[PDB]
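Worksheet for the structure shown next.
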Amino acid sequence: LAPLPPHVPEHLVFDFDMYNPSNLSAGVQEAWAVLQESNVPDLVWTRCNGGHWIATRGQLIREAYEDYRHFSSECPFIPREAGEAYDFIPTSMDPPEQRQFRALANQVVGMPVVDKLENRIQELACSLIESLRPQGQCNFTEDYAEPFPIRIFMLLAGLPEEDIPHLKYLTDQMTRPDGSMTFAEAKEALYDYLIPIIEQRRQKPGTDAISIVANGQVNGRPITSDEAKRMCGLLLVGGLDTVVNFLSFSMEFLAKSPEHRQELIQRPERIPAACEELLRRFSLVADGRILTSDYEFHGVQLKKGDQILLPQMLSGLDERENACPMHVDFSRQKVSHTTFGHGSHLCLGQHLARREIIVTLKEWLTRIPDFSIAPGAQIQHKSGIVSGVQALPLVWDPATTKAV
Ligand code: HEM
Ligand SMILES: CC1(C)[C@@H]2CC[C@@]1(C)C(=O)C2
Ligand SMILES: [K+]
């Protein structure tokens with residue numbers, strides 16, 4: 001717990017810890033949404049993790065992400081030492097500077113590339129699922145949630161699959177630190193890995209994501225090796241720690257809700273609308289910004305240098321944004337969320353993520369329409385910059401499945 005700063009008033013202190021929230025055993029989304037109870041203000045100060053503001057409502061999250069003159073991306077992580085070490089491109093830059101780097105990034109992970117990767121996504125999801133189908137059981141986090149998104153990413157990056165254990169270890173210490181490494185050691189270990197590769201593909205340009213970035217142009221000028229590395233690192237974390245977690249939340253829920261499985265088996269054309277609704281209910285990212293100057297926002301005096309966590313996860317969870325927000329409803333008419341961010345840094349990998357999610361639900365339910373949590377398992381969730389599921393044991397009767 002850190003010393004409450006002179007400028008923060010006693011009545012806005014709410015000691016929420018993002019890496020280990022109090023109600024965590026009820027579900028990570030449920031743990032986070034304690035900040036939306038009737039007793040809690042729209043903007044609190046927490047003394048954990050060195051101290052930082054936290055906006056709790058969708059209205060303030062969106063306003064702050066839009067206002068980059070006051071809410072800067074220069075130090076976007078908590079704790080303070082992680083945000084100061086954070087130098088990924090484009091995420092650590094504010095517009096106007098940030099803008100030229102998005103279109104290089106858009107070229108390696110945007111729609112055009114989802115279109116080059118279309119066959120391979122479909123094939124690996126069918127082949128992974130078909131290999132599990134006859135067993136009548138799986139450890140989903142390890143058997144599908146990781147290998148499906150991860151092997152597509154390594155394929156696109158032109159990186160070998162036995163580098164996976166090392167890279168996921170490191171990427172995961174930057175979002176859910178276990179204590180062994182600091183964000184900076186983790187980051188420098190990712191750059192160390194990328195350095196020879198980047199230089200080699202600048203001499204012999206290939207077709208893979210690293211070559212494209214490294215030999216890319218930024219509003220007409222050549223990107224440097226240091227910029228290539230800083231953009232490249234960011235793509236790996238996005239590739240190895242986003243969709244991987246998201247798929248486990250969605251499959252846990254489907255395993256617990258036979259009527260929602262039935263809806264999608266009956267009307268598979270509803271899968272894209274259902275993916276959106278699940279992205280709202282099982283939203284999982286929470287990063288933030290730093291104040292560029294002293295500023296008064298929604299009646300609270302903020303101080304230059306203060307950090308503020310603006311939980312992207314909380315906006316679609318807000319009862320002011322969606323009625324009965326904890327309830328999953330695939331026909332929800334206005335699905336409002338900030339799952340993929342808001343403002344000028346809107347997620348560049350969202351078209352890739354949505355395709356991987358929709359391909360997984362359609363291809364799973366086609367082959368293994370009925371499935372449940374294994375008898376007597378209690379699912380445990382984990383919290384951090386990106387939230388996730390520690391293990392998900394699923395069971396099914398092989399007599400009810402079909403090889404497609
Ligand atoms: C469920 C999956 C995903 C979610 C929920 C998600 C969420 C986000 C969010 C919230 C941001 C903005 C953060 C900020 O403003 O500080 C972001 C940015 C970004 N994400 Fe995604 N992401 C996902 C998947 C991916 C994937 C699969 C990739 C690439 C392999 C990716 C690459 C990027 C990049 C490059 C940016 C930077 C945008 C910028 O700074 O201009 N993301 N993502
Ligand atoms: C907050 C994020 C999800 C977004 C993409 C990966 C992530 C950890 C960042 O560093 C940017
Ligand atoms: K920084």
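By convention here, the chains of the structure tokens are called A, B, ... in the order presented, each chain's residues are numbered starting at 1, and ligands are numbered starting at 1 in the order presented.
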**OP:** List the neighbours of region 381-397 of chain A out to 8 Å using only C-alpha atoms; skip same-chain residues closer than 3 positions along the sequence, and give me the result as a PyMOL selection string.
**Re:** chain A and resi 18-21+24-25+27-28+77+136-142+175-176+241-242+245-246+248-249+252+255+284-287+368+370-374+377+400-401
Output the selection as a compact mmCIF listing (two decimals), in the first residue's frame - N, CA, C and O atoms for each residue.
# COMPACT_ATOMS: atom_id res chain seq x y z
N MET A 18 -5.22 -4.51 -9.31
CA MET A 18 -5.42 -5.15 -10.59
C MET A 18 -4.75 -6.49 -10.82
O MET A 18 -5.23 -7.22 -11.70
N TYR A 19 -3.69 -6.89 -10.16
CA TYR A 19 -2.99 -8.14 -10.36
C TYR A 19 -3.44 -9.22 -9.39
O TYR A 19 -3.00 -10.37 -9.48
N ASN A 20 -4.33 -8.88 -8.46
CA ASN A 20 -4.88 -9.85 -7.50
C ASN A 20 -6.09 -9.29 -6.79
O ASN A 20 -6.08 -9.00 -5.59
N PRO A 21 -7.19 -9.05 -7.49
CA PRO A 21 -8.37 -8.41 -6.95
C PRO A 21 -9.09 -9.22 -5.89
O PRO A 21 -9.19 -10.43 -6.03
N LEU A 24 -11.65 -12.11 -6.72
CA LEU A 24 -11.16 -12.96 -7.80
C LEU A 24 -11.83 -14.31 -7.87
O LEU A 24 -12.46 -14.58 -8.90
N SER A 25 -11.99 -15.08 -6.82
CA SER A 25 -12.70 -16.34 -6.85
C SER A 25 -14.11 -16.24 -7.41
O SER A 25 -14.66 -17.31 -7.73
N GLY A 27 -14.86 -14.84 -10.25
CA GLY A 27 -14.75 -14.61 -11.69
C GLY A 27 -13.99 -13.28 -11.82
O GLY A 27 -14.28 -12.36 -11.06
N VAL A 28 -13.04 -13.22 -12.75
CA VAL A 28 -12.22 -12.01 -12.88
C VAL A 28 -13.06 -10.80 -13.29
O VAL A 28 -12.85 -9.67 -12.86
N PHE A 77 1.46 1.57 -18.68
CA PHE A 77 1.29 0.41 -17.79
C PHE A 77 1.47 0.78 -16.32
O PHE A 77 2.17 1.71 -15.94
N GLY A 136 -13.01 -37.54 -25.77
CA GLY A 136 -14.05 -37.22 -24.79
C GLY A 136 -13.59 -36.30 -23.66
O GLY A 136 -14.32 -36.17 -22.65
N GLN A 137 -12.45 -35.61 -23.84
CA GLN A 137 -11.92 -34.75 -22.79
C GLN A 137 -10.67 -33.97 -23.24
O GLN A 137 -10.03 -34.33 -24.25
N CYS A 138 -10.45 -32.81 -22.63
CA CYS A 138 -9.25 -32.04 -22.97
C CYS A 138 -8.93 -31.07 -21.82
O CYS A 138 -9.76 -30.86 -20.94
N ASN A 139 -7.71 -30.57 -21.87
CA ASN A 139 -7.27 -29.47 -20.99
C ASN A 139 -7.23 -28.31 -22.00
O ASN A 139 -6.23 -28.00 -22.70
N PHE A 140 -8.38 -27.70 -22.21
CA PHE A 140 -8.54 -26.72 -23.26
C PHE A 140 -7.51 -25.61 -23.28
O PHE A 140 -7.18 -25.16 -24.36
N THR A 141 -7.11 -25.06 -22.11
CA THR A 141 -6.15 -23.96 -22.21
C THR A 141 -4.91 -24.39 -22.96
O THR A 141 -4.39 -23.67 -23.81
N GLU A 142 -4.37 -25.55 -22.68
CA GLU A 142 -3.16 -26.13 -23.20
C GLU A 142 -3.28 -26.85 -24.52
O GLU A 142 -2.34 -26.79 -25.37
N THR A 175 2.42 -9.21 -18.64
CA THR A 175 1.01 -8.91 -18.44
C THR A 175 0.52 -9.50 -17.13
O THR A 175 -0.31 -8.95 -16.43
N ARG A 176 1.07 -10.67 -16.81
CA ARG A 176 0.76 -11.37 -15.56
C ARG A 176 2.04 -11.85 -14.87
O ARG A 176 2.39 -13.03 -14.74
N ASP A 241 -0.62 -13.43 -26.30
CA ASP A 241 -1.37 -13.25 -25.05
C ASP A 241 -2.69 -12.53 -25.13
O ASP A 241 -3.07 -11.87 -24.14
N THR A 242 -3.44 -12.61 -26.21
CA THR A 242 -4.72 -11.89 -26.19
C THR A 242 -5.85 -12.88 -26.44
O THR A 242 -6.46 -13.39 -25.49
N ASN A 245 -6.25 -15.97 -24.34
CA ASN A 245 -6.97 -15.97 -23.06
C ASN A 245 -8.46 -15.91 -23.29
O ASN A 245 -9.26 -16.60 -22.59
N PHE A 246 -8.86 -15.14 -24.28
CA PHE A 246 -10.24 -14.84 -24.62
C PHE A 246 -11.01 -16.12 -24.96
O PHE A 246 -12.10 -16.31 -24.42
N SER A 248 -10.49 -19.09 -23.88
CA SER A 248 -10.83 -19.86 -22.67
C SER A 248 -12.02 -19.30 -21.90
O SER A 248 -12.84 -20.07 -21.40
N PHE A 249 -12.18 -17.98 -21.75
CA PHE A 249 -13.38 -17.42 -21.11
C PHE A 249 -14.65 -17.85 -21.85
O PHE A 249 -15.67 -18.24 -21.30
N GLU A 252 -15.44 -21.58 -21.46
CA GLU A 252 -15.89 -21.89 -20.10
C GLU A 252 -17.38 -21.64 -20.01
O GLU A 252 -18.15 -22.50 -19.57
N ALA A 255 -19.42 -24.07 -22.02
CA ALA A 255 -19.48 -25.33 -21.28
C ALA A 255 -20.50 -25.26 -20.13
O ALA A 255 -21.04 -26.29 -19.79
N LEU A 284 -11.27 -8.39 -21.30
CA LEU A 284 -10.17 -8.82 -20.44
C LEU A 284 -8.91 -7.97 -20.34
O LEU A 284 -7.95 -8.37 -19.69
N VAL A 285 -8.88 -6.79 -20.97
CA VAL A 285 -7.70 -5.92 -20.96
C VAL A 285 -7.91 -4.64 -20.14
O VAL A 285 -9.04 -4.11 -20.12
N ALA A 286 -6.81 -4.17 -19.51
CA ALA A 286 -6.90 -2.96 -18.70
C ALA A 286 -5.51 -2.33 -18.69
O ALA A 286 -4.62 -2.81 -18.00
N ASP A 287 -5.36 -1.34 -19.55
CA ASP A 287 -4.08 -0.61 -19.52
C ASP A 287 -4.47 0.83 -19.17
O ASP A 287 -5.58 1.00 -18.64
N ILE A 368 -18.26 -31.22 -31.83
CA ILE A 368 -18.44 -31.49 -30.38
C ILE A 368 -19.52 -30.53 -29.91
O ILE A 368 -19.34 -29.52 -29.23
N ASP A 370 -21.96 -30.92 -27.78
CA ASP A 370 -22.32 -30.95 -26.36
C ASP A 370 -21.05 -31.23 -25.55
O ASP A 370 -20.26 -32.11 -25.89
N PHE A 371 -20.80 -30.45 -24.52
CA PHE A 371 -19.63 -30.56 -23.69
C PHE A 371 -19.82 -29.81 -22.37
O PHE A 371 -20.64 -28.89 -22.31
N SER A 372 -19.14 -30.29 -21.32
CA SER A 372 -19.26 -29.61 -20.03
C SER A 372 -17.91 -29.49 -19.28
O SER A 372 -16.94 -30.16 -19.60
N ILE A 373 -17.90 -28.70 -18.21
CA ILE A 373 -16.76 -28.65 -17.29
C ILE A 373 -16.68 -30.07 -16.68
O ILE A 373 -17.69 -30.73 -16.44
N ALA A 374 -15.51 -30.59 -16.49
CA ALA A 374 -15.24 -31.90 -15.94
C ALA A 374 -15.80 -31.88 -14.49
O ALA A 374 -15.80 -30.85 -13.84
N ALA A 377 -14.64 -29.81 -11.09
CA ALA A 377 -13.56 -28.82 -11.30
C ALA A 377 -14.04 -27.45 -10.86
O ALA A 377 -15.24 -27.14 -11.00
N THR A 400 -21.61 -38.60 -28.95
CA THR A 400 -22.42 -37.51 -29.48
C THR A 400 -21.69 -36.61 -30.46
O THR A 400 -22.30 -35.62 -30.90
N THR A 401 -20.48 -36.95 -30.88
CA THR A 401 -19.72 -36.07 -31.75
C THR A 401 -19.75 -36.45 -33.24
O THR A 401 -20.20 -37.54 -33.55
Subject >> All alpha helix (DSSP H) residues (DSSP, backbone) inside region 43-105 of chain A, as a ChimeraX atom specification >> reply: /A:58-66,80-85,99-105
Only N, CA, C and O atoms, please: the residues just picked out, written as a PDB file, in the first residue's frame.
ATOM      1  N   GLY A  58     -17.894   3.579 -18.059  1.00  0.00           N
ATOM      2  CA  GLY A  58     -17.650   3.682 -19.481  1.00  0.00           C
ATOM      3  C   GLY A  58     -17.519   5.089 -20.035  1.00  0.00           C
ATOM      4  O   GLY A  58     -16.809   5.440 -20.982  1.00  0.00           O
ATOM      5  N   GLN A  59     -18.274   5.997 -19.417  1.00  0.00           N
ATOM      6  CA  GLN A  59     -18.279   7.389 -19.787  1.00  0.00           C
ATOM      7  C   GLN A  59     -16.910   8.033 -19.601  1.00  0.00           C
ATOM      8  O   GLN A  59     -16.478   8.773 -20.493  1.00  0.00           O
ATOM      9  N   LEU A  60     -16.225   7.751 -18.507  1.00  0.00           N
ATOM     10  CA  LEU A  60     -14.928   8.392 -18.297  1.00  0.00           C
ATOM     11  C   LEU A  60     -13.802   7.702 -19.052  1.00  0.00           C
ATOM     12  O   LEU A  60     -12.803   8.314 -19.427  1.00  0.00           O
ATOM     13  N   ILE A  61     -13.912   6.391 -19.197  1.00  0.00           N
ATOM     14  CA  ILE A  61     -12.891   5.620 -19.939  1.00  0.00           C
ATOM     15  C   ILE A  61     -12.830   6.165 -21.337  1.00  0.00           C
ATOM     16  O   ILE A  61     -11.786   6.582 -21.826  1.00  0.00           O
ATOM     17  N   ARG A  62     -13.994   6.268 -22.019  1.00  0.00           N
ATOM     18  CA  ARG A  62     -14.045   6.773 -23.389  1.00  0.00           C
ATOM     19  C   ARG A  62     -13.552   8.210 -23.485  1.00  0.00           C
ATOM     20  O   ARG A  62     -12.788   8.566 -24.388  1.00  0.00           O
ATOM     21  N   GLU A  63     -13.963   9.089 -22.554  1.00  0.00           N
ATOM     22  CA  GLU A  63     -13.524  10.494 -22.659  1.00  0.00           C
ATOM     23  C   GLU A  63     -12.014  10.627 -22.524  1.00  0.00           C
ATOM     24  O   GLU A  63     -11.335  11.346 -23.279  1.00  0.00           O
ATOM     25  N   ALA A  64     -11.449   9.902 -21.556  1.00  0.00           N
ATOM     26  CA  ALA A  64      -9.993   9.923 -21.351  1.00  0.00           C
ATOM     27  C   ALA A  64      -9.220   9.306 -22.509  1.00  0.00           C
ATOM     28  O   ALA A  64      -8.207   9.892 -22.950  1.00  0.00           O
ATOM     29  N   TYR A  65      -9.668   8.190 -23.097  1.00  0.00           N
ATOM     30  CA  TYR A  65      -8.944   7.613 -24.256  1.00  0.00           C
ATOM     31  C   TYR A  65      -8.967   8.558 -25.453  1.00  0.00           C
ATOM     32  O   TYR A  65      -8.048   8.661 -26.258  1.00  0.00           O
ATOM     33  N   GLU A  66     -10.046   9.355 -25.590  1.00  0.00           N
ATOM     34  CA  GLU A  66     -10.104  10.332 -26.670  1.00  0.00           C
ATOM     35  C   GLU A  66      -9.183  11.503 -26.419  1.00  0.00           C
ATOM     36  O   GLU A  66      -8.575  11.995 -27.362  1.00  0.00           O
ATOM     37  N   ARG A  80       4.348   1.938 -12.262  1.00  0.00           N
ATOM     38  CA  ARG A  80       5.103   3.031 -12.842  1.00  0.00           C
ATOM     39  C   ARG A  80       6.380   2.623 -13.520  1.00  0.00           C
ATOM     40  O   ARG A  80       6.717   3.112 -14.606  1.00  0.00           O
ATOM     41  N   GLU A  81       7.114   1.667 -12.902  1.00  0.00           N
ATOM     42  CA  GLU A  81       8.346   1.235 -13.547  1.00  0.00           C
ATOM     43  C   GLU A  81       8.029   0.443 -14.825  1.00  0.00           C
ATOM     44  O   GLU A  81       8.909   0.452 -15.685  1.00  0.00           O
ATOM     45  N   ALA A  82       6.869  -0.194 -14.936  1.00  0.00           N
ATOM     46  CA  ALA A  82       6.547  -0.965 -16.157  1.00  0.00           C
ATOM     47  C   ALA A  82       6.168   0.012 -17.245  1.00  0.00           C
ATOM     48  O   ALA A  82       6.678   0.047 -18.387  1.00  0.00           O
ATOM     49  N   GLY A  83       5.299   0.977 -16.898  1.00  0.00           N
ATOM     50  CA  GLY A  83       4.935   2.002 -17.888  1.00  0.00           C
ATOM     51  C   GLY A  83       6.162   2.792 -18.370  1.00  0.00           C
ATOM     52  O   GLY A  83       6.188   3.179 -19.527  1.00  0.00           O
ATOM     53  N   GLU A  84       7.156   3.091 -17.534  1.00  0.00           N
ATOM     54  CA  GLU A  84       8.332   3.839 -17.960  1.00  0.00           C
ATOM     55  C   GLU A  84       9.220   2.971 -18.842  1.00  0.00           C
ATOM     56  O   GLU A  84       9.758   3.475 -19.817  1.00  0.00           O
ATOM     57  N   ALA A  85       9.364   1.708 -18.501  1.00  0.00           N
ATOM     58  CA  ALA A  85      10.102   0.799 -19.392  1.00  0.00           C
ATOM     59  C   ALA A  85       9.370   0.582 -20.711  1.00  0.00           C
ATOM     60  O   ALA A  85      10.001   0.265 -21.736  1.00  0.00           O
ATOM     61  N   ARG A  99       0.711   8.022 -35.636  1.00  0.00           N
ATOM     62  CA  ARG A  99      -0.035   7.693 -36.848  1.00  0.00           C
ATOM     63  C   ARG A  99       0.729   7.019 -37.957  1.00  0.00           C
ATOM     64  O   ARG A  99       0.238   5.929 -38.334  1.00  0.00           O
ATOM     65  N   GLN A 100       1.929   7.409 -38.348  1.00  0.00           N
ATOM     66  CA  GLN A 100       2.622   6.748 -39.447  1.00  0.00           C
ATOM     67  C   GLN A 100       2.972   5.289 -39.192  1.00  0.00           C
ATOM     68  O   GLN A 100       3.128   4.515 -40.150  1.00  0.00           O
ATOM     69  N   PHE A 101       3.174   4.933 -37.930  1.00  0.00           N
ATOM     70  CA  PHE A 101       3.540   3.574 -37.579  1.00  0.00           C
ATOM     71  C   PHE A 101       2.338   2.637 -37.609  1.00  0.00           C
ATOM     72  O   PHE A 101       2.551   1.443 -37.780  1.00  0.00           O
ATOM     73  N   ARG A 102       1.099   3.079 -37.503  1.00  0.00           N
ATOM     74  CA  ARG A 102      -0.064   2.211 -37.538  1.00  0.00           C
ATOM     75  C   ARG A 102      -0.278   1.540 -38.878  1.00  0.00           C
ATOM     76  O   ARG A 102      -0.806   0.428 -38.932  1.00  0.00           O
ATOM     77  N   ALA A 103       0.019   2.243 -39.973  1.00  0.00           N
ATOM     78  CA  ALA A 103      -0.169   1.692 -41.301  1.00  0.00           C
ATOM     79  C   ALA A 103       0.913   0.707 -41.698  1.00  0.00           C
ATOM     80  O   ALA A 103       0.672  -0.074 -42.621  1.00  0.00           O
ATOM     81  N   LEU A 104       2.061   0.674 -40.977  1.00  0.00           N
ATOM     82  CA  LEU A 104       3.029  -0.355 -41.282  1.00  0.00           C
ATOM     83  C   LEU A 104       2.430  -1.553 -40.516  1.00  0.00           C
ATOM     84  O   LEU A 104       2.339  -2.623 -41.075  1.00  0.00           O
ATOM     85  N   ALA A 105       1.948  -1.272 -39.299  1.00  0.00           N
ATOM     86  CA  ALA A 105       1.479  -2.380 -38.448  1.00  0.00           C
ATOM     87  C   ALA A 105       0.238  -3.010 -39.047  1.00  0.00           C
ATOM     88  O   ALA A 105       0.151  -4.233 -39.178  1.00  0.00           O
TER      89      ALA A 105
END
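Using only C-alpha atoms, the smallest distance between any of A:364, A:53, A:282, A:148 and residue 306 (chain A) comes from A:53.
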Original post:
What residues have any atom no more than 7 Å from ligand 1 when counting only C-alpha atoms and all ligand atoms, and can you list them as number ranges by chain?
Top reply: A: 73, 76, 89-92, 98, 102, 105, 109, 153, 234-236, 238-239, 242-243, 246, 283-285, 287-288, 312, 339-342, 344-350, 352-353
**OP:** Considering only C-alpha atoms, state which residue in the set A:133, A:301, A:376, A:49 is at the smallest distance from residue 12 (chain A).
**Re:**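 Nearest candidate to residue 12 (chain A) out of A:133, A:301, A:376, A:49: A:301.
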**OP:** Might you pull out every residue within 12 Å of region 218-226 of chain A, with only C-alpha atoms counted and same-chain residues fewer than 5 positions away left off, and present them as a PyMOL selection string?
**Re:** chain A and resi 87-90+97-107+191-192+194-203+210-213+231-233
Original post:
Closest to residue 317 (chain A) among A:68, A:86, A:330, A:32, using only C-alpha atoms?
Top reply: A:32
Subject >> Spatial neighbours of residue 354 (chain A), 10 Å, only C-alpha atoms, chain gap at least 4 places, as a PyMOL selection string >> reply: chain A and resi 243+272+275-276+279+349-350+358-360
Output file for the selection above: N, CA and C atoms, as a tab-separated table (two decimals), in the first residue's frame:
chain	number	residue	atom	x	y	z
A	243	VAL	N	-5.97	-13.28	-27.71
A	243	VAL	CA	-6.96	-14.28	-28.12
A	243	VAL	C	-6.83	-15.58	-27.38
A	272	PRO	N	-21.26	-14.65	-35.49
A	272	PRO	CA	-20.56	-13.37	-35.44
A	272	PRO	C	-21.18	-12.40	-34.46
A	275	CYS	N	-20.14	-13.72	-31.02
A	275	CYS	CA	-18.73	-13.39	-30.71
A	275	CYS	C	-18.69	-11.98	-30.11
A	276	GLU	N	-19.44	-11.03	-30.70
A	276	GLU	CA	-19.37	-9.65	-30.18
A	276	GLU	C	-19.85	-9.55	-28.74
A	279	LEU	N	-17.37	-10.89	-26.51
A	279	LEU	CA	-16.25	-9.93	-26.32
A	279	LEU	C	-16.54	-8.83	-25.28
A	349	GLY	N	-5.16	-5.69	-34.13
A	349	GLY	CA	-5.29	-7.13	-34.42
A	349	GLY	C	-6.73	-7.62	-34.31
A	350	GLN	N	-7.73	-6.76	-34.16
A	350	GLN	CA	-9.11	-7.16	-33.95
A	350	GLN	C	-9.76	-7.94	-35.09
A	358	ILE	N	-14.53	-16.61	-34.31
A	358	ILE	CA	-15.67	-17.19	-35.06
A	358	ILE	C	-15.29	-18.55	-35.66
A	359	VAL	N	-14.11	-18.72	-36.24
A	359	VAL	CA	-13.72	-20.04	-36.77
A	359	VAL	C	-13.75	-21.02	-35.61
A	360	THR	N	-13.19	-20.74	-34.43
A	360	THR	CA	-13.24	-21.71	-33.31
A	360	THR	C	-14.65	-22.09	-32.90
Original post:
What does the distance between CA of residue 13 (chain A) and CA of residue 300 (chain A) come to in Å, to one decimal place?
Top reply: 12.3 Å
Original post:
Contacts of residue 37 (chain A) at 12 Å or less, counting only C-alpha atoms, minus same-chain residues fewer than 2 places along, as a PyMOL selection string?
Top reply: chain A and resi 14+30-35+39-42+56-57+317-320
Subject >> For atom 5 (C, counted along the ligand's line) of ligand 2 and CA of residue 15 (chain A), the interatomic separation in Å (one decimal) >> reply: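 The value is 25.7 Å.
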Original post:
Which of these, A:321, A:143, A:163, A:172, has the shortest distance to ligand 2 once you count only C-alpha atoms and all ligand atoms?
Top reply: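 Among A:321, A:143, A:163, A:172, it is A:172 that comes nearest to ligand 2.
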Subject >> strand (DSSP E) per DSSP on the backbone: members of region 229-353 of chain A, as an MDAnalysis selection string >> reply: chainID A and resid 288:291 295:297 300:302 307:309
Dump as a PDB file, in the first residue's frame, selection limited to N, CA, C and O atoms:
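As a result, again_10.pdb now contains:
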ATOM      1  N   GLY A 288      -3.637   1.778 -19.544  1.00  0.00           N
ATOM      2  CA  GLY A 288      -4.026   3.157 -19.149  1.00  0.00           C
ATOM      3  C   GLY A 288      -3.110   4.225 -19.611  1.00  0.00           C
ATOM      4  O   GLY A 288      -2.475   4.179 -20.681  1.00  0.00           O
ATOM      5  N   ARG A 289      -3.121   5.404 -18.937  1.00  0.00           N
ATOM      6  CA  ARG A 289      -2.388   6.568 -19.452  1.00  0.00           C
ATOM      7  C   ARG A 289      -1.709   7.389 -18.356  1.00  0.00           C
ATOM      8  O   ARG A 289      -1.823   7.052 -17.181  1.00  0.00           O
ATOM      9  N   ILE A 290      -0.955   8.404 -18.747  1.00  0.00           N
ATOM     10  CA  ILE A 290      -0.308   9.248 -17.726  1.00  0.00           C
ATOM     11  C   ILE A 290      -0.704  10.712 -17.923  1.00  0.00           C
ATOM     12  O   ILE A 290      -0.899  11.127 -19.065  1.00  0.00           O
ATOM     13  N   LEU A 291      -0.891  11.515 -16.886  1.00  0.00           N
ATOM     14  CA  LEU A 291      -1.298  12.919 -17.112  1.00  0.00           C
ATOM     15  C   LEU A 291      -0.147  13.818 -17.566  1.00  0.00           C
ATOM     16  O   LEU A 291       0.839  13.945 -16.825  1.00  0.00           O
ATOM     17  N   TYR A 295      -4.679  18.640 -14.124  1.00  0.00           N
ATOM     18  CA  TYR A 295      -5.967  18.730 -14.821  1.00  0.00           C
ATOM     19  C   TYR A 295      -7.152  18.343 -14.001  1.00  0.00           C
ATOM     20  O   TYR A 295      -7.102  17.436 -13.170  1.00  0.00           O
ATOM     21  N   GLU A 296      -8.233  19.084 -14.220  1.00  0.00           N
ATOM     22  CA  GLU A 296      -9.453  18.829 -13.465  1.00  0.00           C
ATOM     23  C   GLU A 296     -10.443  18.064 -14.340  1.00  0.00           C
ATOM     24  O   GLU A 296     -10.860  18.570 -15.388  1.00  0.00           O
ATOM     25  N   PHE A 297     -10.798  16.866 -13.862  1.00  0.00           N
ATOM     26  CA  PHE A 297     -11.674  16.001 -14.687  1.00  0.00           C
ATOM     27  C   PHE A 297     -12.827  15.419 -13.919  1.00  0.00           C
ATOM     28  O   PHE A 297     -12.719  14.702 -12.923  1.00  0.00           O
ATOM     29  N   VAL A 300     -12.414  16.160 -10.218  1.00  0.00           N
ATOM     30  CA  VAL A 300     -11.291  15.691  -9.387  1.00  0.00           C
ATOM     31  C   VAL A 300      -9.999  16.285  -9.918  1.00  0.00           C
ATOM     32  O   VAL A 300      -9.778  16.338 -11.130  1.00  0.00           O
ATOM     33  N   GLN A 301      -9.186  16.829  -9.016  1.00  0.00           N
ATOM     34  CA  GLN A 301      -7.929  17.440  -9.388  1.00  0.00           C
ATOM     35  C   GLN A 301      -6.903  16.334  -9.645  1.00  0.00           C
ATOM     36  O   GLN A 301      -6.583  15.611  -8.711  1.00  0.00           O
ATOM     37  N   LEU A 302      -6.453  16.263 -10.897  1.00  0.00           N
ATOM     38  CA  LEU A 302      -5.426  15.275 -11.243  1.00  0.00           C
ATOM     39  C   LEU A 302      -4.100  16.025 -11.350  1.00  0.00           C
ATOM     40  O   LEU A 302      -4.066  17.209 -11.707  1.00  0.00           O
ATOM     41  N   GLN A 307      -0.622   8.544 -12.743  1.00  0.00           N
ATOM     42  CA  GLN A 307      -1.040   7.466 -13.611  1.00  0.00           C
ATOM     43  C   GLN A 307      -2.538   7.249 -13.413  1.00  0.00           C
ATOM     44  O   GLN A 307      -3.016   7.292 -12.282  1.00  0.00           O
ATOM     45  N   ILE A 308      -3.193   6.823 -14.479  1.00  0.00           N
ATOM     46  CA  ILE A 308      -4.595   6.465 -14.450  1.00  0.00           C
ATOM     47  C   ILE A 308      -4.873   5.209 -15.295  1.00  0.00           C
ATOM     48  O   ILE A 308      -4.614   5.212 -16.485  1.00  0.00           O
ATOM     49  N   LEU A 309      -5.367   4.162 -14.677  1.00  0.00           N
ATOM     50  CA  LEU A 309      -5.804   2.916 -15.304  1.00  0.00           C
ATOM     51  C   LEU A 309      -7.210   3.194 -15.813  1.00  0.00           C
ATOM     52  O   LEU A 309      -8.079   3.671 -15.056  1.00  0.00           O
TER      53      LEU A 309
END
Original post:
With only C-alpha atoms and all ligand atoms as the atoms that count, which of A:167, A:184, A:8, A:55 lies nearest to ligand 3?
Top reply: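 Closest candidate: A:184.
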Original post:
When distances are computed from only C-alpha atoms, which of A:240, A:155, A:214, A:110 shows the smallest separation from residue 173 (chain A)?
Top reply: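 Of A:240, A:155, A:214, A:110, the one nearest residue 173 (chain A) is A:240, counting only C-alpha atoms.
You will find CA of residue 71 (chain A) at 24.8 Å from CA of residue 182 (chain A).
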Subject >> Selection near residue 338 (chain A), 7 Å with only C-alpha atoms, sequence-local residues under 6 positions removed, as JSON, numbers by chain >> reply: {"A": [312, 313, 315, 316]}
Set the distance at 6 Å and use only C-alpha atoms: which residues neighbour residue 47 (chain A) once local chain neighbours fewer than 2 positions away are removed? I'd like the list as a tab-separated table (two decimals) with N, CA, C and O atoms, in the first residue's frame.
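Output below, filename out_10.tsv:
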chain	number	residue	atom	x	y	z
A	1	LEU	N	0.86	-1.20	0.00
A	1	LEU	CA	0.00	0.00	0.00
A	1	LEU	C	0.89	1.24	0.00
A	1	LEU	O	1.87	1.27	0.74
A	2	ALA	N	0.61	2.20	-0.88
A	2	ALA	CA	1.48	3.37	-0.93
A	2	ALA	C	0.85	4.60	-0.28
A	2	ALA	O	-0.35	4.85	-0.27
A	15	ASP	N	-8.96	0.81	-2.52
A	15	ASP	CA	-7.76	0.02	-2.67
A	15	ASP	C	-7.88	-1.26	-3.50
A	15	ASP	O	-7.59	-2.38	-3.03
A	51	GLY	N	0.14	3.20	-6.34
A	51	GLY	CA	-0.88	4.22	-6.40
A	51	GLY	C	-1.23	4.74	-7.79
A	51	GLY	O	-0.33	5.24	-8.49
